[PDB]
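Chain and residue survey
Listed here are the chains, written in short residue letters.
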Amino acid sequence: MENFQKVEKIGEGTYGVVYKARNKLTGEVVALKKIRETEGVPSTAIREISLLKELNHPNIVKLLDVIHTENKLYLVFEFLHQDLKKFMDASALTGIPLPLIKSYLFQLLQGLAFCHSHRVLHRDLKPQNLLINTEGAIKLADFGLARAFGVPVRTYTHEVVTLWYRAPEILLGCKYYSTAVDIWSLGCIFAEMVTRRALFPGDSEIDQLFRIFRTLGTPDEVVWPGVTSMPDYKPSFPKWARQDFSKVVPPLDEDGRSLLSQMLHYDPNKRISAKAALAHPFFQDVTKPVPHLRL
Ligand SMILES: O=C(O)c1ccc(Nc2nccc(Nc3ccccc3Cl)n2)cc1
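Residues numbered from 1 in each chain as written, not as in the entry; some residues may be left out. Heavy atoms only, no water. Residues with missing side-chain atoms left out of burial classes, pairs and counts.

In the PDB archive, X-ray crystallography is given as the structure determination method for this entry, at a resolution of 2.100 Å.

1. A look at the nonpolar core
For clarity, the cut-off: The set of buried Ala, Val, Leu, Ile, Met, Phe, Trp, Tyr and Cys residues whose side-chain atoms join them within 4.5 Å is what this entry labels a nonpolar core. Whether a residue is buried, partly exposed or exposed follows from its accessible area with a 1.4 Å probe, protein chains only, as a fraction of its type maximum: under 20%, in between, or over 50%, in that order. Here the bounds of each domain stem from an automatic or database domain assignment. In this description, contact between two residues means that some pair of their heavy atoms is separated by no more than 4.5 Å.
Core analysis: the largest hydrophobic core is formed by 87 residues, its most contacted members being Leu84, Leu105, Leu109, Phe190 and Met263. Domain assignment of the residues forming this core places at least three in each of domain 1 (1-81) and domain 2 (82-293). Apart from residues no more than four positions distant in its own chain, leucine 84 is found in contact with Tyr104, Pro127, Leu130, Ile138, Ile189 and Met193. If you look at the next biggest cluster of nonpolar residues, it comprises eight residues, including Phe4, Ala21, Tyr74 and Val76.

2. Side note on the site of the ligand
To be explicit about the condition: Nearness is defined per residue: one heavy atom within 4 Å of the molecule or strand is enough. We define a polar contact as two N or O atoms separated by no more than 3.5 Å, with the added condition that, inside protein, one atom must be a possible hydrogen donor and the other a possible acceptor, whereas residues neighbouring each other in sequence contribute only through side-chain atom pairs. Only the protein chains shown count as covering a residue, and every accessible area follows the Shrake-Rupley method with a 1.4 Å probe. Only DSSP runs of H or I covering at least 4 residues are called helices, and only runs of E covering at least 2 are called strands; the numbering of each starts at the N terminus. The residue classification treats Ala, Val, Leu, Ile, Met, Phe, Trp, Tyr, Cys and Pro as nonpolar and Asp, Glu, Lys and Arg as charged. All others, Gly included, are polar.
Near the ligand lie 16 residues; those nearest to it are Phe77, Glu78, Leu80, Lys86 and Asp142. Here a nitrogen atom of the ligand and a backbone polar atom of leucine 80 are 2.7 Å apart. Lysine 86 places a side-chain nitrogen or oxygen 2.8 Å from an oxygen atom of the ligand. Burial of the ligand by the surrounding chains reaches 88%, relative to a free accessible area of 540 Å². Those elements giving two or more residues to the shell around the ligand turn out to be strand 3 (29-35) and strand 5 (72-78). When its residues are assigned to classes, the shell around the ligand shows eight nonpolar, three polar and five charged.

3. Things to note about the pattern of salt bridges
What counts, and what does not: Within this document, salt bridges are pairs made up of a side-chain nitrogen of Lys or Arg and a carboxyl oxygen of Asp or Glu, the two lying within 4 Å of each other.
Under the counting rule described, the total for this entry stands at eleven salt bridges. The closest approach of N and O atoms between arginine 211 and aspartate 207, which form a salt bridge, is 2.8 Å. Here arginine 211 and its partner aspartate 207 are both found in helix 7 (residues 205-216), four residues apart, which amounts to about one turn of the helix. Look at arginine 211 and you get partly exposed, because its relative accessible area is 28%. Judged by relative accessible area, which is 14%, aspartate 207 ranks as buried. Measuring nitrogen to oxygen at the nearest pair gives 3.7 Å for the salt bridge that ties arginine 257 to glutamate 254. Taken together, the residues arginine 257 and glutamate 254, both in helix 8 (residues 254-263) and three residues apart, mark about one turn of the helix. For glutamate 254, a relative accessible area of 54% gives the class exposed. One connected set of salt bridges, linked through shared partners, spans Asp124, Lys126 and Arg166.

4. Some thoughts on helix 8
Regarding helix 8, the residues found buried are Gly256, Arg257, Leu259, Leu260, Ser261 and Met263. Contacts made by the buried residues of helix 8 are with helix 3 (98-117), helix 6 (180-195) and helix 9 (274-277). The backbone nitrogen of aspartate 255 lies 3.0 Å from a side-chain oxygen of the residue at the head of helix 8, namely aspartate 253.

5. Examining the side chain of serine 91
For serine 91, the position within the fold is in the loop between helix 2 (84-90) and helix 3. Engagement of the side chain of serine 91 in a polar contact is seen with the backbone oxygen of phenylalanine 87, the distance being 2.8 Å. With near-sequence residues (within four places) excluded, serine 91 lies in contact with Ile96 and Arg196.

6. As for the environment of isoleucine 206
Along the polypeptide, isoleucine 206 turns up in helix 7. The spatial distance from the C-alpha of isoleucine 206 to the C-alpha of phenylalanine 237 is 9.9 Å, given a sequence separation of 31 residues.

7. Focus on the sheet that holds strand 1 (residues 8-13)
Test applied: Strand pairing is assigned whenever DSSP identifies at least 2 bridges connecting the two strands. To obtain an axis, a line is fitted to C-alpha atoms, over the contacting stretch when the element is a helix, and the angle between two such axes runs from 0 to 180 degrees between their N-to-C directions.
Spatially, 1-2-3-5-4 is the arrangement adopted by the five strands of the open sheet, whose pairing is antiparallel. This sheet does not close on itself; its edge strands, each paired only once, are strand 1 and strand 4 (63-69). Mean inter-strand twist for the sheet, computed between neighbouring axes without regard to direction, equals 25°. Pairing of strand 3 with strand 5, which is carried by six bridges, proceeds in the antiparallel orientation. The residue of strand 5 that forms the bridge with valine 30 is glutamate 78.

8. Brief notes about the sheet that holds strand 8 (residues 138-140)
Strand order in the open sheet made by the three strands is 6-7-8, with antiparallel pairing throughout. The open sheet terminates on both sides in strands that have one partner only, identified here as strand 6 (82-83) and strand 8. The strands touched by helix 3 within the sheet are strand 7 (130-132) and strand 8, with strand 8 carrying the most contacts at an inclination of about 35°.

Here it is, written out as structure tokens:
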């Protein structure tokens, strides 16, 4: 748009591309996400997204504006320094120090508990949409998109969506999501920060499902009442026994593993809430370290 000196392309999300951009008049640097079906844009999603502008929390990336013009919809966000995905890549030889991992998890749970208390769900959480700054904060970006817009497959044209963070109830085709889907994704991210490998790097929907099954055991009616009646459930699923859990995130102490196991419960009703998670003993010693960021 005319308004920006549009510095660069930041990345490509499920719902659209992100640019770093400078406002010519004001000089403020912002993150610009262009959404896109493109029939002209739904009114219903416009009000719902516009509503998100009222979210203010230290752990949520601020949505500054929502601009509908032409067939495109632009979300203008405050600009943060780096995404968690790039930071994890850069930390791969050493590892993110545990106190910083714990600090990030704590903050992210706070951001989720805030959103969830406001009845806003993410439903797309992943390292690419977690943003960090030089002072140790971490923030969730891109809430409320899948609820307002409905969930397509790709952004617009031919992108490979990440399945790695999808909750099992989603993979099994449940129509109604709950806040528990975000706890699941956060659990996957937590595990990935600790081990420096994705916990469940599925190639396809079924590979993703079966990777979860091989690790946590194939769910049944005992651990997950109602599971066998879900729309994509097949009695033909192989039956894998659950893995010893100390094999899943070995570096983690027992507090971390117990918290992680509660974030990974099959049954969304037994899965821990962000609010209860914040009270877990894992966070007794939580501090706020400063990351080393190469910008
Ligand atoms: O790669 C890098 O060096 C890099 C990645 C991200 C950076 N900042 C930033 N701030 C805010 C948001 C955002 N993305 C975003 C915007 C809208 C919706 C979702 C997302 Cl993830 N990105 C800066 C550098």
